[PDB]
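Novice: Dropping in protein-v3.tsv, which is TSV, C-alpha atoms and all ligand atoms:
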chain	number	residue	atom	x	y	z
U	22	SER	CA	0.00	0.00	0.00
U	23	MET	CA	0.90	3.54	-0.41
U	24	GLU	CA	0.45	4.20	3.35
U	25	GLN	CA	3.18	1.50	4.00
U	26	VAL	CA	5.41	3.17	1.47
U	27	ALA	CA	5.02	6.55	3.10
U	28	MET	CA	5.91	5.09	6.53
U	29	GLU	CA	9.01	3.49	4.89
U	30	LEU	CA	10.06	6.83	3.36
U	31	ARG	CA	9.74	8.46	6.84
U	32	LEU	CA	12.01	5.70	8.36
U	33	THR	CA	14.49	6.29	5.59
U	34	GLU	CA	14.60	10.03	6.20
U	35	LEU	CA	14.96	9.45	10.01
U	36	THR	CA	17.84	7.10	9.14
U	37	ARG	CA	19.48	9.84	7.09
U	38	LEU	CA	19.22	12.32	9.93
U	39	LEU	CA	20.50	9.77	12.54
U	40	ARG	CA	23.50	9.03	10.29
U	41	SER	CA	24.49	12.74	10.37
U	42	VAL	CA	23.89	12.74	14.18
U	43	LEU	CA	26.04	9.58	14.56
U	44	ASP	CA	28.81	11.25	12.51
U	45	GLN	CA	28.70	14.43	14.57
U	46	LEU	CA	28.80	12.47	17.87
U	47	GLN	CA	31.59	10.36	16.77
U	48	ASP	CA	33.69	13.38	15.79
U	49	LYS	CA	33.55	14.26	19.48
U	50	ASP	CA	35.65	11.07	20.10
U	51	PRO	CA	38.83	11.74	18.15
U	52	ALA	CA	40.72	9.20	20.31
U	53	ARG	CA	38.29	6.57	19.04
U	54	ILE	CA	37.76	5.25	22.57
U	55	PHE	CA	34.11	4.37	21.73
U	56	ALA	CA	34.56	3.27	18.09
U	57	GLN	CA	34.47	-0.47	18.52
U	58	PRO	CA	33.14	-3.06	21.04
U	59	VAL	CA	35.09	-3.91	24.05
U	60	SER	CA	36.81	-7.18	23.16
U	61	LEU	CA	36.03	-10.07	25.54
U	62	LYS	CA	39.46	-11.45	24.59
U	63	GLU	CA	41.13	-8.26	26.26
U	64	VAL	CA	38.53	-7.63	29.15
U	65	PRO	CA	37.43	-11.27	29.85
U	66	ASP	CA	35.52	-10.04	32.89
U	67	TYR	CA	33.56	-7.35	30.95
U	68	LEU	CA	30.12	-8.99	30.62
U	69	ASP	CA	30.18	-9.76	34.40
U	70	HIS	CA	30.14	-6.01	34.87
U	71	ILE	CA	28.32	-4.57	31.85
U	72	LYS	CA	25.05	-6.25	30.75
U	73	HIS	CA	24.41	-4.31	27.54
U	74	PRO	CA	27.74	-3.33	25.82
U	75	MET	CA	27.47	-0.65	23.19
U	76	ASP	CA	29.86	1.17	20.78
U	77	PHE	CA	29.71	3.28	17.67
U	78	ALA	CA	30.25	0.46	15.20
U	79	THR	CA	27.40	-1.49	16.69
U	80	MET	CA	25.16	1.58	16.41
U	81	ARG	CA	26.17	2.10	12.75
U	82	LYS	CA	25.23	-1.57	11.95
U	83	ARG	CA	21.80	-1.01	13.46
U	84	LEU	CA	21.34	2.28	11.70
U	85	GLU	CA	22.25	0.83	8.32
U	86	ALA	CA	19.54	-1.80	8.72
U	87	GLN	CA	17.16	1.10	9.55
U	88	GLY	CA	16.91	-0.34	13.03
U	89	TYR	CA	16.15	2.89	14.91
U	90	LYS	CA	12.41	3.68	14.74
U	91	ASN	CA	12.71	6.92	16.67
U	92	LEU	CA	15.34	9.25	18.15
U	93	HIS	CA	14.68	7.89	21.67
U	94	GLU	CA	15.99	4.43	20.63
U	95	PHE	CA	19.16	5.97	19.14
U	96	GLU	CA	19.70	8.06	22.31
U	97	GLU	CA	19.32	4.96	24.46
U	98	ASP	CA	22.24	3.29	22.68
U	99	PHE	CA	24.37	6.48	22.87
U	100	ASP	CA	23.70	6.68	26.61
U	101	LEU	CA	24.78	3.06	26.98
U	102	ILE	CA	28.16	3.88	25.50
U	103	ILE	CA	28.67	6.65	28.06
U	104	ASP	CA	27.05	5.03	31.04
U	105	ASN	CA	28.79	1.63	30.61
U	106	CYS	CA	32.20	3.40	30.48
U	107	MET	CA	31.41	5.49	33.57
U	108	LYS	CA	30.62	2.33	35.53
U	109	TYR	CA	33.51	0.08	34.47
U	110	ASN	CA	36.19	2.74	34.62
U	111	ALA	CA	37.12	4.92	37.62
U	112	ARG	CA	36.83	8.69	37.78
U	113	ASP	CA	40.57	9.21	37.52
U	114	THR	CA	40.90	7.45	34.15
U	115	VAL	CA	41.19	8.72	30.62
U	116	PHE	CA	38.24	6.41	29.75
U	117	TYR	CA	35.85	7.90	32.29
U	118	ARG	CA	36.92	11.42	31.45
U	119	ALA	CA	36.47	10.79	27.69
U	120	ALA	CA	32.92	9.58	28.40
U	121	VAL	CA	32.12	12.75	30.40
U	122	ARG	CA	33.42	14.97	27.58
U	123	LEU	CA	31.45	12.94	24.92
U	124	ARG	CA	28.27	13.21	26.96
U	125	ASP	CA	28.72	17.02	27.36
U	126	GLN	CA	29.54	17.67	23.71
U	127	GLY	CA	26.97	15.18	22.48
U	128	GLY	CA	24.16	16.95	24.45
U	129	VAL	CA	24.49	19.91	22.04
U	130	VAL	CA	24.07	17.69	18.94
U	131	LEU	CA	21.14	15.76	20.38
U	132	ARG	CA	19.32	18.86	21.49
U	133	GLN	CA	19.04	20.19	17.94
U	134	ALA	CA	18.41	16.65	16.58
U	135	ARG	CA	15.28	16.46	18.70
U	136	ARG	CA	14.04	19.83	17.40
U	137	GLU	CA	14.69	18.61	13.72
U	138	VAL	CA	12.90	15.25	14.27
U	139	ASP	CA	9.87	17.03	15.85
U	140	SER	CA	9.83	19.83	13.27
U	141	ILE	CA	10.13	17.60	10.11
U	142	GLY	CA	7.90	14.97	11.78
U	201	NA	NA	32.70	2.47	38.79
Is it possible to give me this structure as structure tokens?
Ligand code: NA

Specialist:
Amino acid sequence: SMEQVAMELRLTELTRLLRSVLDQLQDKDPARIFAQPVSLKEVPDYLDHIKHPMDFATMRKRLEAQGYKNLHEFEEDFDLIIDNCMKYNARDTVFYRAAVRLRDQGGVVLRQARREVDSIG
């Protein structure tokens, strides 16, 4: 049906916008601390600590399958990246501090993303 097609075009345009958001967030991580999953070969104890690992590559896979239905879902995964790092790593570490700086800088990007999603529909 045409109504199904129109819903599919909307998901496609959300996907486009979330790709630009994902790129902008990821530029805020020039060290590439959050680029890839934590390897269970190098942090064997990770999944004892962190129940829902997340990283930018994982998000990009989901996005490319149009797997985010709304901005809230995308934000959930971005918050996992930050919040997982802030739990596993101590305050005095480069990892924790990188997560704080990503959260702060990413707030800007997500604030306008929300306005664009609401405005375009
Ligand atoms: Na901790």

Novice: When you draw a straight line from CA of residue 84 (chain U) to CA of residue 99 (chain U), how long is it in Å?

Specialist: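 Interatomic distance, CA of residue 84 (chain U) to CA of residue 99 (chain U): 12.3 Å.
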
Novice: Determine, counting all atoms listed in the file, which protein, DNA and RNA residues have an atom within 12 Å of an atom of residue 125 (chain U); residues of the same chain fewer than 6 positions away are not included. Present the result as a PDB file with C-alpha atoms, in the coordinates of the input.

Specialist:
ATOM      1  CA  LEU U  46      28.800  12.470  17.870  1.00  0.00           C
ATOM      2  CA  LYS U  49      33.550  14.260  19.480  1.00  0.00           C
ATOM      3  CA  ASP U  50      35.650  11.070  20.100  1.00  0.00           C
ATOM      4  CA  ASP U 100      23.700   6.680  26.610  1.00  0.00           C
ATOM      5  CA  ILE U 103      28.670   6.650  28.060  1.00  0.00           C
ATOM      6  CA  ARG U 118      36.920  11.420  31.450  1.00  0.00           C
ATOM      7  CA  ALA U 119      36.470  10.790  27.690  1.00  0.00           C
ATOM      8  CA  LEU U 131      21.140  15.760  20.380  1.00  0.00           C
ATOM      9  CA  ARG U 132      19.320  18.860  21.490  1.00  0.00           C
TER      10      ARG U 132
END

Novice: Go through U:98, U:34, U:139, U:113 one by one, measure the shortest atom-to-atom distance of each to residue 77 (chain U) using all atoms listed in the file, and give the residue with the smallest value.

Specialist: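 Comparing U:98, U:34, U:139, U:113 against residue 77 (chain U), the winner is U:98.
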
Novice: Got a sec to check which residues lie within 9 Å of ligand NA 201 (chain U), using all atoms listed in the file, and send them as an NGL selection string?

Specialist: :U and (106-112)

Novice: Between U:140, U:83, U:45, U:52, which one has atoms that come closest to residue 115 (chain U), using only C-alpha atoms?

Specialist: U:52

Novice: Mind working out the centre and edge lengths of an axis-aligned box for region 59-65 of chain U, all listed atoms inside, 8 Å added to each side, rounded to one decimal in Å and written as AutoDock Vina command-line options?

Specialist:
--center_x 38.1 --center_y -7.7 --center_z 26.5 --size_x 22.0 --size_y 23.5 --size_z 22.7

Novice: For residue 120 (chain U), which residue out of U:68, U:141, U:27, U:54 is the nearest one, using only C-alpha atoms?

Specialist: U:54

Novice: Rounded to one decimal, what separation in Å do you get between CA of residue 86 (chain U) and CA of residue 72 (chain U)?

Specialist: 23.1 Å

Novice: In terms of the shortest atom-to-atom distance over all atoms listed in the file, which of U:96, U:114, U:30, U:70 is closest to residue 130 (chain U)?

Specialist: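 Residue with the minimum atom-to-atom distance to residue 130 (chain U): U:96.
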
Novice: Scan for residues within 9 Å of the point (22.0, -0.8, 18.0) in the coordinates of the file, using all atoms listed in the file, and reply as a PyMOL selection string.

Specialist: chain U and resi 75-84+88-89+94-95+98

Novice: At what distance in Å, to one decimal, does CA of residue 32 (chain U) lie from CA of residue 101 (chain U)?

Specialist: 22.7 Å

Novice: Start from the incomplete input, build N, CA, C and O atoms for region 63-88 of chain U, and deliver everything as a PDB file, in the frame of the given file.

Specialist:
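So the final result, stored in rebuild-v9.pdb, reads:
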ATOM      1  N   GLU U  63      40.291  -9.257  25.431  1.00  0.00           N
ATOM      2  CA  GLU U  63      41.130  -8.260  26.260  1.00  0.00           C
ATOM      3  C   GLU U  63      40.495  -7.718  27.657  1.00  0.00           C
ATOM      4  O   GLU U  63      41.132  -6.963  28.510  1.00  0.00           O
ATOM      5  N   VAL U  64      39.196  -7.982  27.835  1.00  0.00           N
ATOM      6  CA  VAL U  64      38.530  -7.630  29.150  1.00  0.00           C
ATOM      7  C   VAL U  64      37.603  -8.748  29.369  1.00  0.00           C
ATOM      8  O   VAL U  64      36.425  -8.671  29.068  1.00  0.00           O
ATOM      9  N   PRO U  65      38.147  -9.990  29.720  1.00  0.00           N
ATOM     10  CA  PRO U  65      37.430 -11.270  29.850  1.00  0.00           C
ATOM     11  C   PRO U  65      36.317 -11.180  30.812  1.00  0.00           C
ATOM     12  O   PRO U  65      35.180 -11.684  30.492  1.00  0.00           O
ATOM     13  N   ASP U  66      36.547 -10.311  31.847  1.00  0.00           N
ATOM     14  CA  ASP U  66      35.520 -10.040  32.890  1.00  0.00           C
ATOM     15  C   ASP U  66      34.456  -9.014  32.501  1.00  0.00           C
ATOM     16  O   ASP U  66      33.442  -8.861  33.187  1.00  0.00           O
ATOM     17  N   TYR U  67      34.559  -8.436  31.284  1.00  0.00           N
ATOM     18  CA  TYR U  67      33.560  -7.350  30.950  1.00  0.00           C
ATOM     19  C   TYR U  67      32.101  -7.603  31.148  1.00  0.00           C
ATOM     20  O   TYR U  67      31.397  -6.700  31.620  1.00  0.00           O
ATOM     21  N   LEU U  68      31.523  -8.770  30.658  1.00  0.00           N
ATOM     22  CA  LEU U  68      30.120  -8.990  30.620  1.00  0.00           C
ATOM     23  C   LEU U  68      29.575  -9.415  32.033  1.00  0.00           C
ATOM     24  O   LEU U  68      28.403  -9.314  32.260  1.00  0.00           O
ATOM     25  N   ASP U  69      30.520  -9.619  32.951  1.00  0.00           N
ATOM     26  CA  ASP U  69      30.180  -9.760  34.400  1.00  0.00           C
ATOM     27  C   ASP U  69      29.795  -8.423  35.000  1.00  0.00           C
ATOM     28  O   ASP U  69      28.966  -8.319  35.899  1.00  0.00           O
ATOM     29  N   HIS U  70      30.392  -7.355  34.455  1.00  0.00           N
ATOM     30  CA  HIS U  70      30.140  -6.010  34.870  1.00  0.00           C
ATOM     31  C   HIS U  70      29.012  -5.344  34.090  1.00  0.00           C
ATOM     32  O   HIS U  70      28.122  -4.660  34.661  1.00  0.00           O
ATOM     33  N   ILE U  71      29.122  -5.386  32.748  1.00  0.00           N
ATOM     34  CA  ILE U  71      28.320  -4.570  31.850  1.00  0.00           C
ATOM     35  C   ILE U  71      27.331  -5.527  31.058  1.00  0.00           C
ATOM     36  O   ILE U  71      27.774  -6.427  30.375  1.00  0.00           O
ATOM     37  N   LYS U  72      26.048  -5.357  31.344  1.00  0.00           N
ATOM     38  CA  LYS U  72      25.050  -6.250  30.750  1.00  0.00           C
ATOM     39  C   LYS U  72      24.717  -6.018  29.302  1.00  0.00           C
ATOM     40  O   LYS U  72      24.270  -6.967  28.597  1.00  0.00           O
ATOM     41  N   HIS U  73      24.767  -4.753  28.889  1.00  0.00           N
ATOM     42  CA  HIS U  73      24.410  -4.310  27.540  1.00  0.00           C
ATOM     43  C   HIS U  73      25.579  -3.411  26.947  1.00  0.00           C
ATOM     44  O   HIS U  73      25.415  -2.177  26.903  1.00  0.00           O
ATOM     45  N   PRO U  74      26.645  -4.069  26.534  1.00  0.00           N
ATOM     46  CA  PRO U  74      27.740  -3.330  25.820  1.00  0.00           C
ATOM     47  C   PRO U  74      27.239  -2.578  24.577  1.00  0.00           C
ATOM     48  O   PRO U  74      26.217  -2.956  23.942  1.00  0.00           O
ATOM     49  N   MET U  75      27.830  -1.421  24.314  1.00  0.00           N
ATOM     50  CA  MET U  75      27.470  -0.650  23.190  1.00  0.00           C
ATOM     51  C   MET U  75      28.739   0.126  22.732  1.00  0.00           C
ATOM     52  O   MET U  75      29.655   0.368  23.539  1.00  0.00           O
ATOM     53  N   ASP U  76      28.757   0.481  21.446  1.00  0.00           N
ATOM     54  CA  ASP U  76      29.860   1.170  20.780  1.00  0.00           C
ATOM     55  C   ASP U  76      29.350   1.769  19.480  1.00  0.00           C
ATOM     56  O   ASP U  76      28.255   1.387  18.986  1.00  0.00           O
ATOM     57  N   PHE U  77      30.139   2.621  18.881  1.00  0.00           N
ATOM     58  CA  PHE U  77      29.710   3.280  17.670  1.00  0.00           C
ATOM     59  C   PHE U  77      29.565   2.375  16.474  1.00  0.00           C
ATOM     60  O   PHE U  77      28.647   2.609  15.646  1.00  0.00           O
ATOM     61  N   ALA U  78      30.394   1.363  16.324  1.00  0.00           N
ATOM     62  CA  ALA U  78      30.250   0.460  15.200  1.00  0.00           C
ATOM     63  C   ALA U  78      28.961  -0.359  15.242  1.00  0.00           C
ATOM     64  O   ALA U  78      28.314  -0.583  14.200  1.00  0.00           O
ATOM     65  N   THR U  79      28.614  -0.786  16.443  1.00  0.00           N
ATOM     66  CA  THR U  79      27.400  -1.490  16.690  1.00  0.00           C
ATOM     67  C   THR U  79      26.224  -0.602  16.337  1.00  0.00           C
ATOM     68  O   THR U  79      25.264  -1.092  15.707  1.00  0.00           O
ATOM     69  N   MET U  80      26.241   0.667  16.758  1.00  0.00           N
ATOM     70  CA  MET U  80      25.160   1.580  16.410  1.00  0.00           C
ATOM     71  C   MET U  80      25.036   1.760  14.873  1.00  0.00           C
ATOM     72  O   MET U  80      23.963   1.767  14.325  1.00  0.00           O
ATOM     73  N   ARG U  81      26.166   1.920  14.203  1.00  0.00           N
ATOM     74  CA  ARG U  81      26.170   2.100  12.750  1.00  0.00           C
ATOM     75  C   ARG U  81      25.565   0.876  12.033  1.00  0.00           C
ATOM     76  O   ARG U  81      24.835   1.058  11.050  1.00  0.00           O
ATOM     77  N   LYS U  82      25.849  -0.340  12.499  1.00  0.00           N
ATOM     78  CA  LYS U  82      25.230  -1.570  11.950  1.00  0.00           C
ATOM     79  C   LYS U  82      23.702  -1.496  12.059  1.00  0.00           C
ATOM     80  O   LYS U  82      22.974  -1.780  11.073  1.00  0.00           O
ATOM     81  N   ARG U  83      23.242  -1.116  13.221  1.00  0.00           N
ATOM     82  CA  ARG U  83      21.800  -1.010  13.460  1.00  0.00           C
ATOM     83  C   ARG U  83      21.190   0.047  12.587  1.00  0.00           C
ATOM     84  O   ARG U  83      20.076  -0.143  12.037  1.00  0.00           O
ATOM     85  N   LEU U  84      21.843   1.178  12.457  1.00  0.00           N
ATOM     86  CA  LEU U  84      21.340   2.280  11.700  1.00  0.00           C
ATOM     87  C   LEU U  84      21.236   1.875  10.253  1.00  0.00           C
ATOM     88  O   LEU U  84      20.290   2.250   9.547  1.00  0.00           O
ATOM     89  N   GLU U  85      22.224   1.128   9.776  1.00  0.00           N
ATOM     90  CA  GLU U  85      22.250   0.830   8.320  1.00  0.00           C
ATOM     91  C   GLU U  85      21.180  -0.179   7.896  1.00  0.00           C
ATOM     92  O   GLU U  85      20.776  -0.197   6.751  1.00  0.00           O
ATOM     93  N   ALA U  86      20.691  -0.947   8.841  1.00  0.00           N
ATOM     94  CA  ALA U  86      19.540  -1.800   8.720  1.00  0.00           C
ATOM     95  C   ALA U  86      18.229  -1.045   9.041  1.00  0.00           C
ATOM     96  O   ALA U  86      17.208  -1.691   9.342  1.00  0.00           O
ATOM     97  N   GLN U  87      18.300   0.288   9.088  1.00  0.00           N
ATOM     98  CA  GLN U  87      17.160   1.100   9.550  1.00  0.00           C
ATOM     99  C   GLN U  87      16.520   0.614  10.841  1.00  0.00           C
ATOM    100  O   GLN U  87      15.279   0.567  10.991  1.00  0.00           O
ATOM    101  N   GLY U  88      17.335   0.217  11.833  1.00  0.00           N
ATOM    102  CA  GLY U  88      16.910  -0.340  13.030  1.00  0.00           C
ATOM    103  C   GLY U  88      16.509   0.612  14.181  1.00  0.00           C
ATOM    104  O   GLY U  88      16.071   0.155  15.212  1.00  0.00           O
TER     105      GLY U  88
END
